[PDB]
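Numbering (the working numbering), first residue to last: 146 to 260.
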């Protein structure tokens, strides 16, 4: 509360470490469904159904231009990528499996880096 603060957690490496994690996700073999925005002209249903589209390229631009105020807003956009994938794709499809694999990959790097 006012003039009463918890000890200062060092956040000075967060930017660099989120960039490294994002690099690792970009270079995973199963990243191909997620590298670029879904083409809303060519994919029927996507625009109406997925209220907040997200992809790795868009996360990378936001990261590079100071649009994440902290590491939790970064993790929210990564998870949005996988939540959207589950909304639109069957679990037993190549894309559906890609999304489960990538979420698992991400959540392990996140825990090992920050928890």
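From the three backbone atoms N, C-alpha and C, an ideal C-beta is built for every residue, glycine too.
Open item on the list: With the cut-off set at 9 Å, would you say residue 236 and residue 199 are in Cβ contact?
Closed with: A distance of 9 Å or more separates the beta carbons of residue 236 and residue 199.
TODO: Would you kindly report the start and end of the unbroken alpha helix (DSSP H) that includes residue 216?
DONE: 216 to 233
Task: Simplified DSSP state of residue 193, which is helix, strand or coil - done: helix
Task: Counted within 10 angstroms of its Cβ, other Cβ atoms place residue 149 as buried (16 or more) or exposed - done: exposed
Task: Among 163, 248, 209, nearest to residue 329 - alpha-carbon criterion - done: The structure shown has nothing for residue 329, since the chain only spans 146 to 260.
- [ ] Tell me whether residue 211 is buried or exposed, calling it buried when 16 or more other Cβ atoms sit within 10 Å of its Cβ.
- [x] exposed
Open item on the list: Excluding the 5 residues flanking residue 185 on each side, which residues of the same chain have their C-beta closer than 6 Å to its C-beta?
Closed with: 191, 192
- [ ] Give the range of the alpha helix (DSSP H) segment to which residue 184 is assigned.
- [x] For residue 184, no alpha helix (DSSP H) encloses it, and the DSSP letter there is neither H nor E.
Task: residue 256 versus 220, 231, 233, residue with shortest Cα-Cα distance - done: 220
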